[PDB]
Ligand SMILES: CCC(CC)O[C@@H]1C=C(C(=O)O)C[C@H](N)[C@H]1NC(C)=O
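Quick setup: one chain, the form solved without this ligand, written in structure tokens, and binding and motion questions come after.
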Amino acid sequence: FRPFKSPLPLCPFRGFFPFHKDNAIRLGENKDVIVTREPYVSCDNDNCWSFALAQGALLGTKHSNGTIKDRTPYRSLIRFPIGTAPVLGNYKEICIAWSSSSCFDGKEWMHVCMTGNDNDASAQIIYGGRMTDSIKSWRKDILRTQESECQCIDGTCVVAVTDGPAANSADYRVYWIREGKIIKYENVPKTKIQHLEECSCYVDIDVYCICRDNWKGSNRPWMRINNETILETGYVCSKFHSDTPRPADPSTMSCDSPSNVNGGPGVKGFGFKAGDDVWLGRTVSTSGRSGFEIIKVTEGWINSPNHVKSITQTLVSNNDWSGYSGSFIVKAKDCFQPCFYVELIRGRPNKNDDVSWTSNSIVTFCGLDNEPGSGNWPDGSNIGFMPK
């Protein structure tokens, strides 16, 4: 017997440490590796797992040509051992999906899988391997979700979902799902949040989601949620913004609205509230998806004149490609450990990646209450060695 996961507080931490790295593109030189993108990580009682949206093709084969395309019927959410490259001999196919979220409730896995036509998509809810429920597109404009792990408290899982325009007003909802059955949803209040995509969430008593405003906000919108309702919303106060693109530091302190500067598009990212402070992942570049660093901003969660970047860890150099990033948690006795993954995109449309495909590798870090060292953990592939 296993109990449902509880509303534990986030563990104390003061730095992030290298965890698992798959080197998937390097290992894919001989065409063994499945083409993926939008990876994430999520753990159950026994294992942490890599998840990603496969493209139904092997890296470097003719079918991998043109996998820059975001949505096809040939995409499936797949799962593979954390830190391993996804290959036919080790992967599991979770569901047909070109957008997804997964989370373990303490007893079983839940997955949310969107597929079908852009104007008529549906989200399948999988629980314990069985399709238990669904969401029908209501705005008929690319129904979509987090692309990282959802969160579950006392048996009720929470997941953020969007339907509508990428660069205009759309609908954003949170769904509460218990044992695979949709209990209720709420439209996210628009009193502060103006656009919301690809939420990266974690648990610190309540669920916190830090997301992507793809329209007007170079700062990231956020929500606080429990097993019943949305408790709080806003934008991360930090005058050091963390979307891409974004203005150079220092920028505007906007706790309650989008910055309105360098607003679109964006990239999936994450953060961790720590008291009044906030940790924020971000590309090193302010314009491109290159490099990765995480900063701690003193009093960055609140309205304050005292915002300072007290810590900056540079984990992937600006000379290396990054991509999406997202939070995940690991139960650590009486608290949840904050961890994250970074998608390292290789191929189109990256300048000088002269291949016809698009894929990624993964690297991950976890938070400890110890002082970190330093290093650099990029994709590491010589694109010139790769089958095109």
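Note that residue numbering begins at 1 and tracks the sequence as displayed.
The same protein also has a form deposited with this ligand bound, omitted here; what follows describes it.
Of the stretches 273-281, 194-202, 102-110, 312-320, only 194-202 has residues with a heavy atom within 4.5 Å of this ligand in the deposited complex. For the marked spot (142, 166 and 324), a heavy atom within 4.5 Å of this ligand in the deposited complex is present in each of the three residues. The contact residue chosen from 300, 266, 221, 86 relative to this ligand in the deposited complex is 266, the criterion being a non-hydrogen atom within 4.5 angstroms.
None of 289, 79, 239, 173 but one reaches within 4.5 angstroms of this ligand in the deposited complex through a heavy atom, and that residue is 289.
Proximity of residue 235 to this ligand in the deposited complex falls outside the 4.5 Å heavy atom cutoff.
Remark: residue 331 does not count among the residues lining this ligand in the deposited complex, judged by a heavy atom distance of 4.5 Å or less. Among residues of the shown chain, residue 70 is one whose heavy atoms approach this ligand to within 4.5 Å in the deposited complex. For residue 246, no non-hydrogen atom is located within 4.5 Å of this ligand in the deposited complex, even though that partner is not displayed. Along 228-250, a non-hydrogen atom within 4.5 Å of this ligand in the deposited complex is carried by no residue at all.
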